[PDB]
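Visitor: Starting off with a structure, shown below.
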Amino acid sequence: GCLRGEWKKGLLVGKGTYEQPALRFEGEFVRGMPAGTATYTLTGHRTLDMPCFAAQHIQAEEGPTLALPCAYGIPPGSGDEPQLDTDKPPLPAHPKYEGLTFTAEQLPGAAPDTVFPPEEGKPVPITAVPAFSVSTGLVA
Amino acid sequence: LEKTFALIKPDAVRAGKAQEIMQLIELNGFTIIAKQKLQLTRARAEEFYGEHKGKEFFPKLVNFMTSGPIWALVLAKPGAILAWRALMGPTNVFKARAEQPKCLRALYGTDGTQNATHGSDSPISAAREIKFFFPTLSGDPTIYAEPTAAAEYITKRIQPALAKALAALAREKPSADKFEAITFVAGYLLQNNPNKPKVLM
Amino acid sequence: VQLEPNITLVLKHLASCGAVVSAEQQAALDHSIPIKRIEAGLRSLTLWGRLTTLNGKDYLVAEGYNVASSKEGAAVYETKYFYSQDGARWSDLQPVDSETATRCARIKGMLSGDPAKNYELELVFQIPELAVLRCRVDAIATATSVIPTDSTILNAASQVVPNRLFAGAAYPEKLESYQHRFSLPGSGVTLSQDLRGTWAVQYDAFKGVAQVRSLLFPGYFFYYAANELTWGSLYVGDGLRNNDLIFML
Amino acid sequence: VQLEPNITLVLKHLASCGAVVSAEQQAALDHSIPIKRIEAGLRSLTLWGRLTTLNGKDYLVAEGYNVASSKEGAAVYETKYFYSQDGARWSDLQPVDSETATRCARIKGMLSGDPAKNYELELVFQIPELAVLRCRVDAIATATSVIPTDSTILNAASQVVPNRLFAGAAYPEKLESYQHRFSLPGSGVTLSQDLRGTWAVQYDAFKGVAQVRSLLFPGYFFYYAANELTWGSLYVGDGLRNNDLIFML
Amino acid sequence: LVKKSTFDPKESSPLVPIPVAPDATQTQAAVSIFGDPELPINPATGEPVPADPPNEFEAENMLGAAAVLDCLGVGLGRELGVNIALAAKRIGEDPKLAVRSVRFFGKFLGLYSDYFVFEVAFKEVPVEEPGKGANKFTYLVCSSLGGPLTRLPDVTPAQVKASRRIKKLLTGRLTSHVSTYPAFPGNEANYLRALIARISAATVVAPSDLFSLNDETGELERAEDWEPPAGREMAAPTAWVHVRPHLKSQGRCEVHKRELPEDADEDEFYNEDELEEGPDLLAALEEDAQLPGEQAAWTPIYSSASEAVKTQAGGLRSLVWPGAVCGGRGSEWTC
Amino acid sequence: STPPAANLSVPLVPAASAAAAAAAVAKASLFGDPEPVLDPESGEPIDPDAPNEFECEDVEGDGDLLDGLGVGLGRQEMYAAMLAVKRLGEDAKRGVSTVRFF
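Chains as they are written, first to last, in the authors' numbering: chain A, 667 to 751, 760 to 814; chain i, 4 to 204; chain P, 2 to 123, 143 to 269; chain O, 2 to 123, 143 to 269; chain G, 53 to 175, 203 to 414; chain K, 52 to 153.
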């Protein structure tokens with residue numbers, strides 16, 4: 667997955683973007699962990715090769731892409747406070771995120787389609803990587 | 004308002020895609036005035052494809068159209084022939100996918116000759132095919148009602164048997180009542196005609 | 002063709018979809034829906050759904066209406082709701098305010114069975149349970165209310181009445197055959213002008229029966245039987261829509 | 002307003018009268034009615050009734066017509082009849098010639114189970149049991165087959181078709197509101213023109229369901245719901261006739 | 053008059069007409085479960101073809117289970133209960149599938165089709208051996224009653240762990256792709272098997288004293304003197320106990336402890352997953368972890384609104400897994 | 052051509068259906084618990100009757116048996132029969148000891 671951002675002292679701070687074959691997430695990060703208002707956007711790649719439920723979807727140009735204005739959440743003390751070299763909870767770790775919260779309270783909208791190689795990190799240094807479009811799905 | 008012929012080939016029928024095509028056709032402003040699901044035989048298919056008659060693709064083309072039931076439709080629209088030509092898209096399926104996606108040939112058609120649809124080229128061929136598949140569908144009242152063409156058709160039809168029927172009616176002179184004469188001339192015509200034979204048990 | 006949806010038909014065609022009612026409640030509905038229908042002046046009154054509760058006394062909700070008018074470019078069905086814990090006695094379900102519904106929206110999890118409970122929200145606010153139930157029911161009703169397209173028609177005096185000459189929805193395995201009741205019959209707005217992945221349709225062509233399931237509200241089901249030309253919808257579950265829908269598709 | 006009577010509404014409204022079918026047979030019917038309807042090329046096929054035998058294996062009988070035309074002042078329906086011991090597989094009931102159609106009316110008693118039974122009558145005549153069953157079904161259909169008046173209309177080419185604008189029968193309690201099937205729509209022939217005391221009608225004004233029972237053939241019931249226009253009929257029991265009607269009444 | 057007077061020259065069409073009739077394979081297969089299929093005759097010799105007698109599977113009282121479910125107001129309908137009973141008889145009787153036990157697991161909805169699941173017994204972390212732990216039972220799958228039987232593959236800990244992180248609606252193809260970012264290692268059959276394993280190990284229960292453990296064979300037996308509690312009292316979580324072994328966070332029933340090195344162990348060789356204790360078999364539903372707030376895991380369901388009725392039914396419905404239900408009336412019980 | 056049975060204008064319920072209404076109310080009262088009714092002239096509740104202790108059989112069970120056999124009344128009528136048996140056995144004015152549906 668391609669992760670693009672403006673990093674500070676070894677960590678991501680501010681608006682960051684993460685792209686994977688079908689998914690595209692973008693939003694605020696604090697100290698390397700998502701927080702604040704975010705936005706998810708992804709396609710129903712699993713049902714691209716099945717009959718549509720409406721006939722007008724067969725000949726349309728827009729693909730099955732949905733965008734949600736979600737919002738992540740972090741413990742009120744954890745993060746958002748630079749370390750002093760404590761009464762502060764720890765940041766959620768990798769294997770399980772203990773204090774990480776998620777929120778979504780508005781309906782999804784219509785979003786333009788997504789191609790996986792994001793053209794901003796187009797030169798791919800990793801050996802094996804798939805690609806995705808709406809015309810052709812997961813190629814490899 | 005003009006009427007064009009169209010047909011859904013067995014490849015879009017064996018895959019159960021006929022109803023989707025019909026709904027798409029109705030969505031684009033067309034009107035299906037007549038539809039019929041049928042199954043051509045070898046002789047009927049060869050007679051339908053008379054324009055090719057020995058070209059390179061003819062064997063496989065006639066072997067394909069008789070591999071399963073097809074659908075026959077008569078579509079009605081102000082620009083029906085050109086609009087339906089556009090809606091089907093280019094004939095070659097791969098060229099269709101390359102140039103114009105979201106066209107019936109690009110979506111349902113595959114593998115070259117199995118372009119999943121067939122349409123009429125010009126109003127001449129449209130009328131010919133409509134009369135070929137729907138013999139009782141009325142149409143084209145302007146190209147048959149010309150006084151010159153009406154006289155020519157009457158000339159083509161009357162010398163074979165109607166003149167002889169009138170001569171027999173005049174010579175025999177049946178009951179002066181017109182109904183008996185009508186019955187006699189109808190029997191003579193249905194008994195003496197160059198097109199149909201005489202039937203015996 | 003049908004004048005009113007039949008409860009037994011709804012329960013018979015939605016048995017697979019998991020929308021079921023108990024035997025006692027079924028018989029009690031059979032004997033008690035007409036009584037409440039005739040007590041009021043309602044020409045129509047049918048079971049609307051069954052919301053699940055915490056104690057075990059599920060809320061049976063029924064809705065009714067007298068006449069169906071067209072006003073401000075939409076079909077405005079003036080409806081009245083009733084609820085019950087048993088199929089016998091039906092009590093009124095009072096309509097709520099606007100800010101009270103906004104506060105309603107913030108209560109999650111299944112509401113308890115007792116209609117005398119109070120929920121605490123935030143300066144503190146006290147929210148009765150019946151208000152929450154009505155909020156959820158009206159939300160679901162507004163979101164999803166399916167009838168086959170052109171199964172109704174306008175008339176003199178501009179009242180949305182059934183269309184006794186309904187030919188049957190052509191191509192009924194597609195969403196263009198069904199529409200929200202609020203959508204006017206003449207207009208082309210149907211079940212396809214909403215979000216692309218919030219409706220699923222299954223179809224049996226031999227028996228000619230179509231099942232439409234709402235994915236925004238996973239408890240809303242609808243059937244359309246083409247041979248008999250009979251349609252009907254039901255809701256079973258708590259009145260919660262799954263906001264995390266995209267990750268599910 | 003309906004076009005064909007449901008098999009579920011009939012079993013629901015006639016359950017009280019004992020016109021019930023086994024649950025396994027009911028599921029088998031639900032599956033195997035359309036199969037036989039398509040295998041026989043019939044636009045209409047409904048369950049006609051159920052006849053009792055000396056075994057538990059009763060005969061389920063279903064009738065279906067493809068065309069129905071006016072002929073010499075009689076609405077002739079070209080009916081086909083099918084029988085089944087279980088709800089799964091159907092067989093045909095071939096019509097009966099007049100000689101055996103008169104030698105089959107003298108054979109009484111409730112039928113056996115195997116349809117390959119030969120009755121011997123008086143020199144000895146051998147008659148198949150299927151012939152007797154066909155005779156009994158024909159007699160019951162001639163005497164009883166009942167539909168609401170004005171529910172059928174005559175179009176061009178003299179064919180009887182359902183009246184799509186049938187608004188229902190006022191005074192459902194009165195026998196005048198009901199007619200035989202083979203009565204022409206124009207003719208004012210009803211069940212009133214039959215014998216005085218051969219039809220009993222019990223009408224529940226509240227639920228709006230009228231129920232007509234045949235006393236000359238005790239096992240024939242016909243329900244008519246008027247709030248939603250739905251009428252159906254079923255014959256359950258042996259096919260024998262009630263001769264001594266004068267004494268009973 | 054015009055309608056009567058129009059000319060209509062009906063002429064012999066060149067083609068024989070073809071029938072426009074929908075396909076009837078599914079409905080025919082559904083019908084094929086009713087009644088007994090008579091043994092076909094061999095045309096060469098009028099004697100019947102060789103045959104096998106039915107099998108001796110051990111299923112529950114499925115008609116009684118349908119009756120109980122309809123009494124409580126949950127589960128599928130009453131007619132689908134008859135269909136399920138006949139289809140389960142079809143599965144169990146088959147001499148080709150030597151089945152020692154049939155039990156209708158349930159029905160998973162889907163976008164394009166549904167899934168009728170039948171649980172069947174026959175007669203880097205590794206995976207459970209065939210017939211051990213979560214892989215104890217195979218799972219046959221239908222899309223409609225009486226259709227073809229598709230067997231599901233065995234589940235692996237990686238699939239369970241991956242499925243624990245995604246919330247995916249089923250498509251019903253059984254070959255579809257599952258997810259892209261939290262990459263699931265398999266197609267939809269694997270995802271369905273993992274979901275089945277989780278739900279089975281979480282919500283298959285039985286009445287309290289009906290079953291008892293046995294260490295000599297390590298199996299649970301039936302009391303056969305069990306006296307069923309009165310209805311309206313099976314609606315209590317203390318009346319039900321689990322029957323299926325717990326599913327650890329590691330992804331299997333018995334944790335896998337990689338052997339610590341002969342030196343330099345220091346107890347720091349094990350992560351959180353390899354060092355974890357779980358509930359014992361036959362544990363009452365009362366000790367199940369409570370939901371957020373003071374809420375029990377299972378909520379009570381009654382068969383009536385009046386305690387005065389002599390014989391009633393009672394059961395529980397699951398909160399963490401909406402749709403898992405257990406109930407009983409008299410001596411008949413079901414999940 | 053206007054069809055014969057074009058339309059009709061009837062009231063919502065016939066004005067001569069009091070008996071059917073009473074029967075429907077009586078059959079509906081079989082379900083659930085009797086809600087307490089406050090007395091007229093005051094707000095004091097009227098205490099319900101102390102029920103009688105009777106004996107009966109399983110009516111849902113044999114309703115299920117008869118439905119499986121395809122005989123008897125419908126399963127929606129056997130439940131009402133159970134409730135009517137309970138009401139009969141529960142009355143104090145007419146003291147029964149055992150009840151059964153003939």
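Note that CB positions come from ideal geometry on N, CA and C, so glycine has one too.
Pull the bridge partners of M699 of chain A from the DSSP assignment, please.
Guide: Partner(s): A:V696.
Visitor: Would you list the residues sitting across from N293 of chain G in a DSSP beta bridge?
Guide: The partner list for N293 of chain G (beta bridge, DSSP) reads G:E298.
Visitor: Quick one: which unbroken beta strand (DSSP E) runs of 3-plus residues sit fully inside the region 336-368 of chain G? Chain order, please.
Guide: Qualifying beta strand (DSSP E) stretches: none in this window.
Visitor: Between the alpha carbons of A230 of chain O and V144 of chain P, how many angstroms are there, rounded?
Guide: Taking the straight line from one Cα to the other gives about 57 angstroms.
Visitor: Could you name the residues of chain G that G83 of chain K contacts, counting a contact when the two beta carbons are closer than 8 angstroms?
Guide: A384, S385, listed in chain order.
Visitor: For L163 of chain G, would you say it is in contact with chain A, using Cβ-to-Cβ distances shorter than 8 angstroms as the test?
Guide: Answer yes: the Cβ-Cβ gap between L163 of chain G and chain A drops below 8 angstroms somewhere.
Visitor: Residue range of the alpha helix (DSSP H) that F226 of chain P falls in?
Guide: Taken as a continuous stretch (DSSP letters only), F226 of chain P belongs to no alpha helix (DSSP H), as it is neither H nor E.
Visitor: Which of the residues in the region 60-84 of chain i, read from start to end, lie with their CB under 7 angstroms from any CB of chain G?
Guide: The residues in question are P72.
Visitor: Threshold first: 3 residues or longer. Then list the beta strand (DSSP E) segments lying entirely within the region 207-233 of chain G, N to C.
Guide: Correct list: 217-221.
Visitor: If we call anything under 8 angstroms between Cβ atoms a contact, is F263 of chain G one with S242 of chain G?
Guide: Cβ distance < 8 angstroms, so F263 of chain G and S242 of chain G count as in contact.
Visitor: Can you give me, in chain order, the residues of the region 65-99 of chain G that have a beta carbon less than 7 angstroms from any beta carbon in chain B?
Guide: Absent here is chain B; the protein component of the structure consists of chains A, i, P, O, G and K.
Visitor: On a Cα-Cα basis, can you pick out the residue from G:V68, G:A118, G:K148 that is closest to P106 of chain G?
Guide: For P106 of chain G, the nearest C-alpha among the options comes from G:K148.
Visitor: Do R337 of chain G and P236 of chain G come within 8 angstroms of each other at the CB atom, strictly closer than that value?
Guide: Not in contact: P236 of chain G and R337 of chain G (Cβ atoms no closer than 8 angstroms).
Visitor: If we define contact as Cβ-Cβ less than 8 angstroms, is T390 of chain G a contact residue for chain K?
Guide: Yes - at least one Cβ of chain K is within 8 angstroms of the one on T390 of chain G.
Visitor: Going by DSSP, what residues sit across from residue 757 of chain A in a beta bridge?
Guide: Residue 757 of chain A falls within a stretch that is absent from the model, since chain A runs 751 to 760 with no residues between.
Visitor: Hey, would you say the C-beta of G251 of chain G is under 7 angstroms away from at least one heavy atom of the ligand ADP?
Guide: Summarising the ligand content, the structure contains no ligands, and the ligand ADP is consequently not present.
Visitor: Could you list which residues in chain K have their beta carbon closer than 8 angstroms to that of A119 of chain G, in chain order?
Guide: Correct list: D115.
Visitor: Using 8 angstroms as the threshold, is the region 267-279 of chain G in touch with the region 288-302 of chain G, meaning 3 or more CB pairs across them?
Guide: Because the criterion of three Cβ pairs below 8 angstroms is not met, the region 267-279 of chain G and the region 288-302 of chain G do not touch.
Visitor: Starting from the C-beta of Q103 of chain i, find all residues in its chain whose C-beta is less than 7 angstroms away, skip the five residues before and the five after it, and write them out in chain order.
Guide: Result list for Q103 of chain i: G92, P93, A109, in chain order.
Visitor: Would the region 210-218 of chain O and the region 17-27 of chain P be scored as touching if the rule is three or more Cβ pairs under 8 angstroms?
Guide: Flag = no, the region 210-218 of chain O and the region 17-27 of chain P do not touch.
Visitor: What does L76 of chain i pair with, by DSSP beta-bridge criteria?
Guide: DSSP, once it has assigned bridges, lists i:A9, i:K38 as partnering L76 of chain i.
Visitor: Any C-beta of chain G within less than 9 angstroms: which residues of the region 53-68 of chain P qualify?
Guide: Going along the region 53-68 of chain P in chain order, one finds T53, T54, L55, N56, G57, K58, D59 with a Cβ nearer than 9 angstroms to chain G.
Visitor: Taking all protein chains shown into account, do 16 or more other C-beta atoms lie within 10 angstroms of the C-beta of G125 of chain K, making it buried, or fewer, making it exposed?
Guide: Answer is buried; the Cβ neighbour count reaches 16.
Visitor: Let me check one thing: in DSSP terms, what residues is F156 of chain G bridge-paired to?
Guide: DSSP lists G:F170 as partners of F156 of chain G.
Visitor: If you count every other CB in all the chains shown that lies within 10 Å of the CB of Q686 of chain A, and 16 or more means buried, which is it?
Guide: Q686 of chain A comes out buried.
Visitor: Going along the chain, which unbroken runs of the beta strand (DSSP E) with 3 or more residues stay wholly within the region 166-217 of chain O?
Guide: Qualifying beta strand (DSSP E) stretches, in chain order: 166-168, 172-174, 180-182, 198-200.
Visitor: Check whether the region 772-792 of chain A touches the region 721-738 of chain A, taking contact to mean three or more Cβ pairs, one atom from each stretch, closer than 8 angstroms.
Guide: Judged by Cβ distances under 8 angstroms, the region 772-792 of chain A makes contact with the region 721-738 of chain A, as three or more pairs qualify.
Visitor: Considering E25 of chain O, what are the terminal residues of the beta strand (DSSP E) in which it resides?
Guide: No beta strand (DSSP E) contains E25 of chain O, which is instead part of the alpha helix (DSSP H) from 24-40.
Visitor: Counting only Cβ-Cβ distances shorter than 8 angstroms, please list the residues of the region 245-264 of chain G near chain P, keeping chain order.
Guide: The residues in question are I245, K246, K247, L248.
Visitor: Let me know the secondary structure DSSP gives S70 of chain O once reduced to three states.
Guide: It is a strand residue.
Visitor: Determine the DSSP secondary structure at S57 of chain G, reduced to helix, strand or coil.
Guide: Helix, per DSSP.
Visitor: Does chain G have any CB closer than 8 angstroms to the CB of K78 of chain K?
Guide: Output row for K78 of chain K: interface = no.
Visitor: For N214 of chain G, does the count of other Cβ atoms within 10 angstroms reach 16, so buried, or fall short, so exposed?
Guide: By the neighbour-count rule (16 or more Cβ atoms within 10 Å), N214 of chain G is buried.
Visitor: Can you find a C-beta in chain K that's less than 8 angstroms from the C-beta of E248 of chain P?
Guide: By this cut-off, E248 of chain P is not an interface position.
Visitor: Please classify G57 of chain P: is it buried, with 16 or more other beta-carbons within 10 angstroms of its beta-carbon, or exposed?
Guide: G57 of chain P should be labelled buried.
Visitor: To the nearest angstrom, how far is the alpha carbon of residue 2 of chain i from that of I146 of chain i?
Guide: Examination of residue 2 of chain i is not possible in this model, given that chain i is present from 4 through 204 alone.
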